[PDB]
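Next comes structure_31.txt, a file with compact mmCIF, C-alpha atoms.
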```txt
# COMPACT_ATOMS: atom_id res chain seq x y z
CA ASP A 7 121.18 95.68 58.58
CA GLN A 8 124.49 97.31 59.44
CA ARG A 9 123.17 100.44 57.72
CA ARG A 10 120.24 100.47 60.14
CA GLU A 11 122.76 100.16 62.98
CA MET A 12 124.74 103.12 61.65
CA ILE A 13 121.59 105.27 61.62
CA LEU A 14 121.01 104.20 65.23
CA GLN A 15 124.60 105.15 66.11
CA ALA A 16 124.13 108.62 64.62
CA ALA A 17 120.95 109.08 66.66
CA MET A 18 122.79 107.99 69.82
CA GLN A 19 125.54 110.57 69.23
CA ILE A 20 123.01 113.40 68.94
CA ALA A 21 121.12 112.10 71.98
CA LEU A 22 124.21 112.12 74.22
CA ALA A 23 125.48 115.51 73.07
CA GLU A 24 122.23 117.45 72.56
CA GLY A 25 119.21 115.53 73.91
CA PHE A 26 115.94 114.33 72.44
CA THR A 27 114.63 117.57 70.91
CA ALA A 28 117.63 117.69 68.56
CA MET A 29 116.97 114.15 67.26
CA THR A 30 114.85 115.02 64.27
CA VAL A 31 114.88 112.59 61.35
CA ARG A 32 116.38 115.34 59.18
CA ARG A 33 119.24 115.83 61.65
CA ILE A 34 119.90 112.10 62.07
CA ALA A 35 119.89 111.50 58.30
CA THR A 36 122.43 114.29 57.80
CA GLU A 37 124.65 112.95 60.60
CA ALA A 38 124.39 109.35 59.32
CA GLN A 39 124.96 110.56 55.73
CA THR A 40 121.80 108.83 54.53
CA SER A 41 118.36 109.87 53.27
CA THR A 42 115.37 110.68 55.44
CA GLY A 43 113.60 108.07 53.33
CA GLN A 44 115.92 105.37 54.60
CA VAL A 45 115.52 106.58 58.20
CA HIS A 46 111.74 106.23 57.85
CA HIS A 47 112.20 102.83 56.18
CA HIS A 48 114.15 101.45 59.15
CA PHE A 49 112.17 103.02 62.02
CA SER A 50 108.41 103.09 62.52
CA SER A 51 108.44 106.68 63.80
CA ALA A 52 110.76 109.40 65.04
CA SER A 53 109.74 108.52 68.61
CA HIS A 54 110.53 104.86 67.96
CA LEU A 55 114.03 105.94 66.89
CA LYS A 56 114.45 108.13 69.97
CA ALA A 57 113.37 105.29 72.28
CA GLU A 58 115.58 102.73 70.52
CA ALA A 59 118.61 105.03 70.77
CA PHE A 60 117.85 105.74 74.43
CA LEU A 61 117.72 102.04 75.27
CA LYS A 62 120.96 101.43 73.35
CA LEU A 63 122.68 104.22 75.31
CA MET A 64 121.47 102.76 78.61
CA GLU A 65 122.93 99.34 77.77
CA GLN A 66 126.10 101.23 76.86
CA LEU A 67 126.02 102.82 80.32
CA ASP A 68 125.63 99.34 81.81
CA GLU A 69 128.67 98.15 79.85
CA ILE A 70 130.75 101.16 80.92
CA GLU A 71 129.80 100.65 84.56
CA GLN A 72 130.91 97.01 84.33
CA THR A 73 134.45 98.02 83.33
CA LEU A 74 135.12 99.81 86.62
CA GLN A 75 136.96 97.35 88.83
CA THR A 76 135.34 96.15 92.05
CA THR A 77 136.26 93.64 94.73
CA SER A 78 132.91 93.73 96.53
CA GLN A 79 129.24 93.97 95.70
CA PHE A 80 129.13 96.83 98.21
CA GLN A 81 131.26 98.82 95.76
CA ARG A 82 129.22 97.52 92.81
CA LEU A 83 125.99 98.78 94.42
CA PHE A 84 127.35 102.32 94.86
CA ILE A 85 128.10 102.46 91.14
CA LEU A 86 124.73 100.97 90.14
CA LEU A 87 122.90 103.42 92.42
CA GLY A 88 124.73 106.47 91.05
CA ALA A 89 126.59 107.37 94.24
CA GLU A 90 130.01 107.33 92.56
CA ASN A 91 129.72 110.38 90.26
CA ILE A 92 131.70 109.29 87.20
CA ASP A 93 132.18 112.26 84.87
CA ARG A 94 132.13 109.83 81.93
CA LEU A 95 128.47 109.03 82.69
CA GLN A 96 127.11 112.55 83.17
CA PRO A 97 125.72 112.83 79.59
CA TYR A 98 124.04 109.44 80.03
CA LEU A 99 122.58 110.57 83.35
CA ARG A 100 121.46 113.85 81.78
CA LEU A 101 119.67 111.82 79.11
CA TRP A 102 118.04 109.56 81.71
CA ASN A 103 116.67 112.60 83.56
CA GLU A 104 115.55 114.03 80.21
CA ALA A 105 113.69 110.82 79.36
CA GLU A 106 111.98 110.90 82.77
CA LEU A 107 110.23 114.14 81.79
CA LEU A 108 109.13 112.82 78.37
CA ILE A 109 107.25 109.73 79.62
CA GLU A 110 104.11 111.86 80.07
CA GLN A 111 104.04 113.11 76.46
CA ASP A 112 105.81 110.44 74.34
CA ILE A 113 104.32 106.94 74.23
CA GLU A 114 107.50 105.26 72.99
CA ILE A 115 109.76 106.92 75.57
CA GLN A 116 107.22 105.98 78.25
CA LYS A 117 107.62 102.29 77.42
CA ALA A 118 111.40 102.52 77.01
CA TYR A 119 111.85 104.33 80.33
CA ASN A 120 110.02 101.54 82.16
CA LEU A 121 112.10 98.92 80.35
CA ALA A 122 115.26 100.65 81.57
CA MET A 123 113.84 100.86 85.10
CA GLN A 124 113.15 97.12 85.08
CA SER A 125 116.68 96.47 83.80
CA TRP A 126 118.11 98.67 86.56
CA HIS A 127 116.11 96.73 89.16
CA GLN A 128 117.39 93.42 87.77
CA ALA A 129 121.00 94.63 87.84
CA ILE A 130 120.60 95.55 91.51
CA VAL A 131 118.91 92.21 92.26
CA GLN A 132 121.82 90.36 90.63
CA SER A 133 124.32 92.39 92.67
CA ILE A 134 122.47 91.66 95.93
CA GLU A 135 122.16 87.96 95.15
CA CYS A 136 125.84 87.73 94.20
CA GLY A 137 126.87 89.49 97.40
CA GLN A 138 124.63 87.17 99.40
CA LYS A 139 125.93 84.04 97.67
CA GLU A 140 129.50 85.24 98.25
CA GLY A 141 128.96 85.74 101.98
CA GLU A 142 129.31 89.53 101.92
CA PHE A 143 125.62 90.50 102.26
CA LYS A 144 123.08 89.28 104.80
CA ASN A 145 119.71 87.70 103.99
CA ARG A 146 117.41 89.90 106.11
CA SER A 147 114.84 90.48 103.35
CA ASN A 148 114.49 89.05 99.87
CA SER A 149 116.54 90.63 97.10
CA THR A 150 113.60 91.85 95.01
CA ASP A 151 112.22 93.85 97.95
CA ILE A 152 115.59 95.38 98.81
CA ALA A 153 116.28 96.33 95.20
CA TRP A 154 113.01 98.25 94.87
CA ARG A 155 113.61 99.95 98.22
CA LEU A 156 117.12 101.00 97.15
CA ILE A 157 115.84 102.38 93.84
CA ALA A 158 113.02 104.18 95.63
CA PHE A 159 115.50 105.75 98.04
CA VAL A 160 117.94 107.16 95.49
CA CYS A 161 115.14 108.37 93.20
CA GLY A 162 113.38 109.99 96.15
CA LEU A 163 116.57 111.61 97.40
CA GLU A 164 117.32 113.11 93.98
CA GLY A 165 113.72 114.33 93.83
CA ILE A 166 114.13 116.14 97.15
CA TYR A 167 117.36 117.77 95.95
CA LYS A 168 115.48 119.13 92.92
CA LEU A 169 113.26 121.20 95.24
CA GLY A 170 116.03 123.54 96.39
CA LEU A 171 115.24 123.20 100.09
CA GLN A 172 117.20 125.19 102.66
CA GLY A 173 119.63 123.35 104.90
CA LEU A 174 119.91 120.25 102.70
CA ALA A 175 123.26 119.52 101.03
CA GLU A 176 123.36 117.58 97.75
CA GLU A 177 126.89 116.54 98.76
CA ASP A 178 125.45 114.15 101.38
CA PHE A 179 124.01 111.81 98.70
CA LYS A 180 126.81 109.23 98.98
CA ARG A 181 126.76 109.30 102.78
CA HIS A 182 122.99 108.67 102.87
CA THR A 183 123.12 105.94 100.23
CA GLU A 184 125.89 104.15 102.13
CA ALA A 185 123.81 104.26 105.31
CA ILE A 186 120.80 102.65 103.62
CA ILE A 187 122.91 99.98 101.88
CA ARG A 188 124.53 99.13 105.23
CA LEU A 189 121.20 98.88 107.06
CA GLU A 190 119.63 96.70 104.38
CA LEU A 191 122.52 94.34 103.59
CA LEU A 192 125.33 94.59 106.19
CA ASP B 7 90.49 140.73 109.98
CA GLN B 8 87.91 138.00 110.52
CA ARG B 9 86.53 138.90 107.09
CA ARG B 10 89.94 138.17 105.58
CA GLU B 11 89.87 134.83 107.40
CA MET B 12 86.44 134.03 105.97
CA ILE B 13 87.71 134.66 102.44
CA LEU B 14 90.60 132.31 103.22
CA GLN B 15 88.14 129.68 104.48
CA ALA B 16 86.12 129.89 101.25
CA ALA B 17 89.31 129.43 99.22
CA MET B 18 90.24 126.39 101.33
CA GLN B 19 86.84 124.78 100.70
CA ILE B 20 87.24 125.12 96.92
CA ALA B 21 90.84 123.89 97.13
CA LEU B 22 89.89 120.68 98.96
CA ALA B 23 86.88 119.88 96.79
CA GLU B 24 88.04 121.04 93.35
CA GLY B 25 91.77 121.91 93.34
CA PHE B 26 93.79 124.98 92.42
CA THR B 27 92.45 125.68 88.92
CA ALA B 28 88.96 126.28 90.35
CA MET B 29 90.26 128.88 92.84
CA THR B 30 89.71 131.98 90.76
CA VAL B 31 89.13 135.24 92.62
CA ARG B 32 85.66 135.42 91.06
CA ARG B 33 84.80 131.95 92.38
CA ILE B 34 86.18 132.63 95.86
CA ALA B 35 84.36 135.97 96.14
CA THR B 36 81.07 134.29 95.21
CA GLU B 37 81.64 131.48 97.72
CA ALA B 38 82.68 133.92 100.48
CA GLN B 39 79.75 136.23 99.59
CA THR B 40 82.07 139.20 99.19
CA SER B 41 83.35 141.38 96.33
CA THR B 42 86.32 140.60 94.13
CA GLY B 43 87.53 144.04 95.18
CA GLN B 44 87.78 142.92 98.79
CA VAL B 45 89.54 139.69 97.77
CA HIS B 46 92.17 141.75 95.94
CA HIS B 47 92.39 144.12 98.91
CA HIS B 48 93.27 141.29 101.32
CA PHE B 49 95.58 139.22 99.09
CA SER B 50 98.49 140.44 96.96
CA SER B 51 97.62 138.09 94.08
CA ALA B 52 95.48 135.10 93.20
CA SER B 53 98.57 132.89 93.56
CA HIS B 54 99.25 134.38 97.00
CA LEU B 55 95.70 133.36 97.99
CA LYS B 56 96.17 129.85 96.59
CA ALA B 57 99.45 129.41 98.47
CA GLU B 58 98.03 130.80 101.72
CA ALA B 59 95.02 128.47 101.52
CA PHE B 60 97.28 125.51 100.72
CA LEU B 61 99.46 126.18 103.77
CA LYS B 62 96.36 126.56 105.96
CA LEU B 63 95.02 123.22 104.72
CA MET B 64 98.35 121.52 105.46
CA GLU B 65 98.34 122.78 109.05
CA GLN B 66 94.77 121.49 109.20
CA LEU B 67 96.05 118.10 108.03
CA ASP B 68 98.68 118.26 110.79
CA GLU B 69 95.95 118.97 113.35
CA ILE B 70 93.76 116.12 112.08
CA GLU B 71 96.69 113.70 112.18
CA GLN B 72 97.36 114.69 115.80
CA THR B 73 93.86 113.62 116.88
CA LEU B 74 94.44 109.97 115.96
CA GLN B 75 95.44 108.20 119.16
CA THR B 76 98.90 106.66 119.43
CA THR B 77 100.83 104.92 122.18
CA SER B 78 104.16 104.86 120.35
CA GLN B 79 106.19 107.07 118.06
CA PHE B 80 106.42 104.03 115.78
CA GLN B 81 102.69 104.43 115.18
CA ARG B 82 103.06 108.21 114.94
CA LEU B 83 105.68 107.85 112.20
CA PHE B 84 103.43 105.65 110.04
CA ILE B 85 100.77 108.36 110.13
CA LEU B 86 103.24 111.18 109.43
CA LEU B 87 104.74 109.22 106.51
CA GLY B 88 101.35 108.49 104.92
CA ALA B 89 101.42 104.72 105.40
CA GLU B 90 98.08 104.63 107.23
CA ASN B 91 95.68 105.59 104.41
CA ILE B 92 93.05 107.65 106.23
CA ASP B 93 90.12 108.33 103.90
CA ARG B 94 89.58 111.64 105.72
CA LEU B 95 92.94 112.89 104.39
CA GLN B 96 92.63 111.84 100.74
CA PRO B 97 91.50 115.32 99.53
CA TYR B 98 94.41 116.88 101.43
CA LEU B 99 96.80 114.36 99.87
CA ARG B 100 95.29 115.00 96.44
CA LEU B 101 95.96 118.71 96.97
CA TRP B 102 99.54 118.06 98.08
CA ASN B 103 100.21 116.05 94.92
CA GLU B 104 98.52 118.81 92.91
CA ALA B 105 100.76 121.46 94.48
CA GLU B 106 103.82 119.35 93.66
CA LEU B 107 103.11 119.79 89.95
CA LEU B 108 102.56 123.56 90.23
CA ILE B 109 105.93 124.43 91.82
CA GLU B 110 107.47 124.68 88.34
CA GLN B 111 104.97 127.26 87.05
CA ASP B 112 103.70 129.18 90.12
CA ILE B 113 106.22 131.15 92.18
CA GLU B 114 104.01 131.39 95.27
CA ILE B 115 103.13 127.68 95.30
CA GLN B 116 106.83 126.89 94.82
CA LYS B 117 107.69 128.71 98.06
CA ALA B 118 104.69 127.32 99.95
CA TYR B 119 105.43 123.73 98.90
CA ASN B 120 108.96 124.00 100.30
CA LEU B 121 107.62 125.51 103.53
CA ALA B 122 105.31 122.51 103.92
CA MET B 123 108.19 120.13 103.16
CA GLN B 124 110.30 121.76 105.87
CA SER B 125 107.37 121.52 108.30
CA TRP B 126 106.93 117.83 107.44
CA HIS B 127 110.64 117.23 108.08
CA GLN B 128 110.41 118.99 111.45
CA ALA B 129 107.36 116.93 112.47
CA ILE B 130 109.28 113.74 111.69
CA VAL B 131 112.36 115.03 113.57
CA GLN B 132 110.20 115.76 116.63
CA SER B 133 108.68 112.27 116.46
CA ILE B 134 112.12 110.63 116.22
CA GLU B 135 113.52 112.71 119.07
CA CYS B 136 110.48 111.98 121.25
CA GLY B 137 110.77 108.26 120.55
CA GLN B 138 114.48 108.39 121.35
CA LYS B 139 113.96 110.36 124.57
CA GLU B 140 111.23 107.90 125.59
CA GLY B 141 113.48 104.87 125.09
CA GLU B 142 111.54 103.44 122.15
CA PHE B 143 113.92 104.42 119.31
CA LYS B 144 117.66 103.85 119.05
CA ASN B 145 120.28 106.55 118.43
CA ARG B 146 122.13 105.02 115.46
CA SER B 147 122.16 108.22 113.39
CA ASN B 148 121.09 111.76 114.18
CA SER B 149 117.42 112.61 113.85
CA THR B 150 117.80 115.19 111.07
CA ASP B 151 119.54 112.66 108.82
CA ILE B 152 116.97 109.93 109.48
CA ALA B 153 114.06 112.30 108.86
CA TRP B 154 115.35 113.32 105.43
CA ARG B 155 116.05 109.68 104.55
CA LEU B 156 112.51 108.67 105.57
CA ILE B 157 110.98 111.49 103.53
CA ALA B 158 113.18 110.60 100.56
CA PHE B 159 112.09 106.97 100.79
CA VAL B 160 108.33 107.52 100.83
CA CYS B 161 108.50 110.21 98.14
CA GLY B 162 110.69 107.97 95.99
CA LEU B 163 108.42 104.97 96.49
CA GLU B 164 105.33 106.96 95.47
CA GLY B 165 107.26 108.21 92.44
CA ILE B 166 108.04 104.65 91.37
CA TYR B 167 104.37 103.67 91.74
CA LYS B 168 103.42 106.52 89.39
CA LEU B 169 105.38 104.84 86.58
CA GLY B 170 103.04 101.85 86.24
CA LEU B 171 105.80 99.25 86.30
CA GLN B 172 104.99 95.57 85.90
CA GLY B 173 105.31 93.30 88.91
CA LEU B 174 105.24 96.09 91.50
CA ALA B 175 102.26 96.28 93.87
CA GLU B 176 101.21 99.63 95.34
CA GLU B 177 99.72 97.62 98.23
CA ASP B 178 103.25 96.92 99.56
CA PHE B 179 103.80 100.58 100.54
CA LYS B 180 103.09 100.04 104.25
CA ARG B 181 105.22 96.89 104.39
CA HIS B 182 108.20 98.67 102.82
CA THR B 183 107.83 101.77 105.00
CA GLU B 184 107.71 99.61 108.14
CA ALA B 185 110.90 97.85 107.08
CA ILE B 186 112.79 101.13 106.64
CA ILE B 187 111.50 102.58 109.93
CA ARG B 188 112.59 99.40 111.72
CA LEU B 189 116.07 99.43 110.18
CA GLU B 190 116.63 103.10 110.96
CA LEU B 191 115.18 103.32 114.47
CA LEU B 192 114.53 99.86 115.99
```

Rewrite the coordinates I just gave you, this time as structure tokens.
Amino acid sequence: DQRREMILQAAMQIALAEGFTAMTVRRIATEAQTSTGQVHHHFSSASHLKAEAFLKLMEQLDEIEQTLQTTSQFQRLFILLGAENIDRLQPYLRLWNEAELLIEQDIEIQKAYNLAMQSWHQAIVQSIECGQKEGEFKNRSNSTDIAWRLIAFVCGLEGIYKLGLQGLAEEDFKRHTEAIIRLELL
Amino acid sequence: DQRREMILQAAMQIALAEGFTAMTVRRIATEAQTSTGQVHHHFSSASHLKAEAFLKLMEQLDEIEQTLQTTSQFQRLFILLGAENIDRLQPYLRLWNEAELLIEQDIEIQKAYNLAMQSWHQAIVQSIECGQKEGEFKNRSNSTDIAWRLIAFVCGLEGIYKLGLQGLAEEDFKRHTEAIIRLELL
């Protein structure tokens, strides 16, 4: 019960600091000070454990993001869309990018990555609908459409940065994200 | 001279129909009815040949796209951004997506893919600047910024479709692309 949770917490620590490849059952058992037998008893597979820890860390990232103070949903959206660059979150963002590569070769991470994407979309929907209900955002298009378009934009922009194109500055990410938020909602 | 061009044309045929893995020097020599020795004489490496053929096919896609009749840059942008779904272009688009995966393991395709991305960006810039000069598009932001944002959007939207998320319809691609074009330029 709580002992299962402490195994999960050990796995999350390794995930943040060292990534998925380091999260062997042997490693996690040593870090949790338990037996590999009890790790296997509590988790259906090593990949199940990796996916469970990943989802837990993403909810933790959600919690952390919710402690930064905001007075507008405009500010909230910048944080949710990753345009704020909080050094506290960089290991969580490194893990997210790591998980993105594993969805093609790990069935449990594939499902967990999509669950986190759906949660991200819902957090952005809630922010848009709160901003609209509070009179700050306009009602041009429906909130589900805008949320997917915002996610598509920031994911696509990061993808273009990964290419190493000439004459394209990663530093412009915030400026571009602000422009799209403004066009869609202000 | 022309014989080098005929080898290139044979490589392009295989590329369109069967992809990069089929483009061995042996295969291309057979299809061009030449010797492997003359293929190696004209091209520094098999990967050089693959990249050269890929770039040639992308210019061919540009040419094909320019034969569809338009009366507005709004229409032109939909074609350039892939929102029109022309069945003639589906093998070219399959090759583009194929090349995207090879940039991490083939040095020549890596460079050629970025060259094609820069050409795509310039084609979109030219379309925006023509539409602005013709009075059809507004001048909210500069054309280089808008072009990168448009490319980021459509690449990001296709990336999200690849995930197989629930409650997200690939059929909405045109509708979303139109909305972003309208917000940025109309």

Check: which chain A residues lie within 12 Å of chain B using all atoms listed in the file, as a VMD selection string: chain A and resid 106 to 107 109 to 110 116 to 125 127 146 to 148 150 to 176 178 to 179 181 to 192

Residue 55 in chain A environment, 9 Å, only C-alpha atoms, sequence neighbours closer than 5 positions dropped, as a list in words: residues 14, 17, 29, 31, 45, 48, 49, 50, 60 and 114 of chain A

Fit chain B to chain A, all Cα atoms paired in order, least squares. Then write it as a short mmCIF file (atom, residue, chain, number, x, y, z; two decimals) with C-alpha atoms, in the coordinates of the input.
```cif
data_model
loop_
_atom_site.label_atom_id
_atom_site.label_comp_id
_atom_site.auth_asym_id
_atom_site.auth_seq_id
_atom_site.Cartn_x
_atom_site.Cartn_y
_atom_site.Cartn_z
CA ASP B 7 121.18 95.68 58.58
CA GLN B 8 124.50 97.32 59.44
CA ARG B 9 123.17 100.44 57.72
CA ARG B 10 120.24 100.47 60.14
CA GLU B 11 122.76 100.16 62.97
CA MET B 12 124.73 103.12 61.64
CA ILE B 13 121.60 105.27 61.62
CA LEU B 14 121.01 104.19 65.22
CA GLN B 15 124.60 105.15 66.11
CA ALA B 16 124.14 108.63 64.62
CA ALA B 17 120.95 109.08 66.66
CA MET B 18 122.79 108.00 69.82
CA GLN B 19 125.55 110.57 69.22
CA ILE B 20 123.01 113.40 68.94
CA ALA B 21 121.12 112.09 71.98
CA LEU B 22 124.21 112.12 74.22
CA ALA B 23 125.48 115.51 73.08
CA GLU B 24 122.24 117.45 72.56
CA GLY B 25 119.21 115.53 73.91
CA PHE B 26 115.94 114.33 72.44
CA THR B 27 114.63 117.57 70.91
CA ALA B 28 117.63 117.69 68.55
CA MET B 29 116.97 114.15 67.27
CA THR B 30 114.85 115.02 64.27
CA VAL B 31 114.87 112.59 61.36
CA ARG B 32 116.38 115.33 59.18
CA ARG B 33 119.24 115.83 61.66
CA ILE B 34 119.90 112.11 62.07
CA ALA B 35 119.89 111.49 58.30
CA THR B 36 122.43 114.29 57.81
CA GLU B 37 124.65 112.95 60.60
CA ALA B 38 124.39 109.35 59.32
CA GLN B 39 124.96 110.55 55.72
CA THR B 40 121.80 108.83 54.53
CA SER B 41 118.35 109.88 53.27
CA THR B 42 115.37 110.68 55.44
CA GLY B 43 113.60 108.07 53.32
CA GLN B 44 115.92 105.37 54.60
CA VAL B 45 115.51 106.58 58.20
CA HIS B 46 111.73 106.23 57.85
CA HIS B 47 112.20 102.84 56.18
CA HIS B 48 114.15 101.45 59.16
CA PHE B 49 112.18 103.02 62.03
CA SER B 50 108.40 103.09 62.51
CA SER B 51 108.44 106.68 63.81
CA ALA B 52 110.77 109.39 65.04
CA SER B 53 109.74 108.52 68.61
CA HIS B 54 110.53 104.85 67.96
CA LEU B 55 114.03 105.94 66.89
CA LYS B 56 114.45 108.13 69.97
CA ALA B 57 113.37 105.29 72.27
CA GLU B 58 115.58 102.73 70.52
CA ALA B 59 118.61 105.03 70.77
CA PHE B 60 117.86 105.74 74.43
CA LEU B 61 117.72 102.03 75.27
CA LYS B 62 120.97 101.43 73.36
CA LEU B 63 122.68 104.22 75.31
CA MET B 64 121.48 102.75 78.61
CA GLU B 65 122.93 99.34 77.77
CA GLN B 66 126.10 101.22 76.86
CA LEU B 67 126.02 102.83 80.32
CA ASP B 68 125.63 99.34 81.81
CA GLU B 69 128.68 98.15 79.85
CA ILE B 70 130.76 101.16 80.92
CA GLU B 71 129.80 100.65 84.56
CA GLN B 72 130.91 97.01 84.33
CA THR B 73 134.45 98.02 83.33
CA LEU B 74 135.12 99.81 86.62
CA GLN B 75 136.96 97.35 88.83
CA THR B 76 135.34 96.16 92.05
CA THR B 77 136.26 93.65 94.73
CA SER B 78 132.91 93.73 96.52
CA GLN B 79 129.24 93.97 95.69
CA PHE B 80 129.13 96.83 98.20
CA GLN B 81 131.26 98.81 95.76
CA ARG B 82 129.22 97.52 92.82
CA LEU B 83 126.00 98.78 94.41
CA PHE B 84 127.35 102.32 94.86
CA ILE B 85 128.10 102.45 91.14
CA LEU B 86 124.73 100.96 90.13
CA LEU B 87 122.90 103.42 92.42
CA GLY B 88 124.73 106.47 91.05
CA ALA B 89 126.59 107.37 94.24
CA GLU B 90 130.01 107.34 92.56
CA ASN B 91 129.72 110.38 90.26
CA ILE B 92 131.70 109.30 87.20
CA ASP B 93 132.18 112.26 84.87
CA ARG B 94 132.13 109.83 81.93
CA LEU B 95 128.47 109.03 82.69
CA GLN B 96 127.11 112.56 83.17
CA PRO B 97 125.72 112.83 79.59
CA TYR B 98 124.04 109.44 80.03
CA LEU B 99 122.58 110.58 83.35
CA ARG B 100 121.46 113.85 81.78
CA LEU B 101 119.67 111.82 79.11
CA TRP B 102 118.03 109.56 81.71
CA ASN B 103 116.68 112.60 83.56
CA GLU B 104 115.55 114.03 80.21
CA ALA B 105 113.69 110.82 79.36
CA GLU B 106 111.98 110.91 82.76
CA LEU B 107 110.23 114.14 81.78
CA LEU B 108 109.13 112.82 78.37
CA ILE B 109 107.25 109.73 79.62
CA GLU B 110 104.12 111.86 80.06
CA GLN B 111 104.05 113.11 76.46
CA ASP B 112 105.82 110.44 74.34
CA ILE B 113 104.32 106.95 74.23
CA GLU B 114 107.50 105.26 72.98
CA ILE B 115 109.76 106.92 75.57
CA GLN B 116 107.22 105.99 78.26
CA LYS B 117 107.62 102.29 77.42
CA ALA B 118 111.40 102.52 77.01
CA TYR B 119 111.85 104.33 80.34
CA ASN B 120 110.02 101.53 82.16
CA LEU B 121 112.11 98.91 80.35
CA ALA B 122 115.26 100.65 81.57
CA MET B 123 113.84 100.86 85.10
CA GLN B 124 113.15 97.12 85.09
CA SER B 125 116.68 96.47 83.80
CA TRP B 126 118.12 98.67 86.56
CA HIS B 127 116.11 96.73 89.16
CA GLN B 128 117.38 93.42 87.77
CA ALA B 129 121.00 94.63 87.84
CA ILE B 130 120.60 95.56 91.51
CA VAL B 131 118.91 92.21 92.26
CA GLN B 132 121.82 90.36 90.64
CA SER B 133 124.32 92.39 92.67
CA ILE B 134 122.47 91.66 95.93
CA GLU B 135 122.16 87.96 95.15
CA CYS B 136 125.84 87.73 94.20
CA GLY B 137 126.87 89.49 97.40
CA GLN B 138 124.63 87.17 99.40
CA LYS B 139 125.93 84.04 97.67
CA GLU B 140 129.50 85.24 98.25
CA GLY B 141 128.95 85.74 101.98
CA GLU B 142 129.31 89.53 101.92
CA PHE B 143 125.62 90.50 102.26
CA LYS B 144 123.08 89.28 104.80
CA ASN B 145 119.70 87.71 103.98
CA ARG B 146 117.41 89.90 106.11
CA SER B 147 114.84 90.48 103.35
CA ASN B 148 114.50 89.05 99.87
CA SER B 149 116.54 90.62 97.10
CA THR B 150 113.60 91.85 95.01
CA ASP B 151 112.22 93.85 97.94
CA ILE B 152 115.59 95.38 98.82
CA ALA B 153 116.27 96.33 95.20
CA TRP B 154 113.01 98.25 94.87
CA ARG B 155 113.61 99.95 98.22
CA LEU B 156 117.12 101.01 97.15
CA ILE B 157 115.84 102.37 93.84
CA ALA B 158 113.02 104.19 95.63
CA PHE B 159 115.50 105.75 98.04
CA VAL B 160 117.94 107.16 95.50
CA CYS B 161 115.15 108.37 93.20
CA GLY B 162 113.38 109.98 96.15
CA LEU B 163 116.57 111.61 97.40
CA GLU B 164 117.32 113.10 93.98
CA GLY B 165 113.73 114.34 93.84
CA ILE B 166 114.13 116.13 97.16
CA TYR B 167 117.36 117.77 95.95
CA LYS B 168 115.48 119.13 92.92
CA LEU B 169 113.26 121.20 95.24
CA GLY B 170 116.03 123.55 96.39
CA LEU B 171 115.24 123.21 100.09
CA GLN B 172 117.20 125.19 102.66
CA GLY B 173 119.64 123.35 104.90
CA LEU B 174 119.91 120.25 102.70
CA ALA B 175 123.26 119.52 101.02
CA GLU B 176 123.36 117.58 97.75
CA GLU B 177 126.90 116.54 98.76
CA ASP B 178 125.44 114.15 101.38
CA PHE B 179 124.01 111.81 98.71
CA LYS B 180 126.81 109.24 98.98
CA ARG B 181 126.75 109.30 102.78
CA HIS B 182 122.99 108.68 102.87
CA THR B 183 123.12 105.94 100.23
CA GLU B 184 125.89 104.15 102.13
CA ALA B 185 123.81 104.26 105.31
CA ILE B 186 120.80 102.65 103.61
CA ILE B 187 122.91 99.97 101.89
CA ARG B 188 124.52 99.13 105.24
CA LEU B 189 121.19 98.88 107.06
CA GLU B 190 119.63 96.70 104.37
CA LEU B 191 122.52 94.35 103.59
CA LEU B 192 125.33 94.59 106.18
#
```

Atomic distance CA of residue 129 in chain B - CA of residue 102 in chain B, expressed in Å with one decimal: 16.4 Å

Please provide as a PyMOL selection string all residues within 10 Å of range 62-66 of chain B, with the sequence filter that same-chain residues fewer than 3 positions apart are discarded (counting all atoms listed in the file). chain B and resi 14-15+18-19+21-22+56-59+69-72+98-99+101-102+119+122+125-126

Rounded to one decimal in Å, what is the spacing between CA of residue 28 in chain B and CA of residue 87 in chain B?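 Separation of CA of residue 28 in chain B and CA of residue 87 in chain B: 28.3 Å.
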
To one decimal place, how far is CA of residue 149 in chain B from CA of residue 104 in chain B in Å? 28.9 Å

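Within 10 Å of residue 39 in chain A, once only C-alpha atoms are used and residues closer than 6 positions along the same chain are dropped, the contacting residues are residues 12, 13, 16 and 33 of chain A.
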
Counting all atoms listed in the file, what is within 8 Å of range 74-80 of chain A, bar same-chain residues fewer than 3 positions away, as number ranges by chain? A: 70-71, 83-84, 133-134, 136-137, 142, 187

Some atoms are missing, so please complete range 93-97 of chain B with N, CA and C atoms and return it as a compact mmCIF listing (two decimals), keeping the file's coordinate frame.
```txt
# COMPACT_ATOMS: atom_id res chain seq x y z
N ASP B 93 90.99 107.80 104.95
CA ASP B 93 90.12 108.33 103.90
C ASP B 93 89.74 109.79 104.16
N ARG B 94 89.82 110.24 105.41
CA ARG B 94 89.58 111.64 105.72
C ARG B 94 90.62 112.55 105.06
N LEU B 95 91.84 112.06 104.87
CA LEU B 95 92.94 112.89 104.39
C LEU B 95 93.12 112.85 102.88
N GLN B 96 92.40 111.98 102.17
CA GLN B 96 92.63 111.84 100.74
C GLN B 96 92.45 113.13 99.93
N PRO B 97 91.51 114.04 100.25
CA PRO B 97 91.50 115.32 99.53
C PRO B 97 92.70 116.19 99.87
```
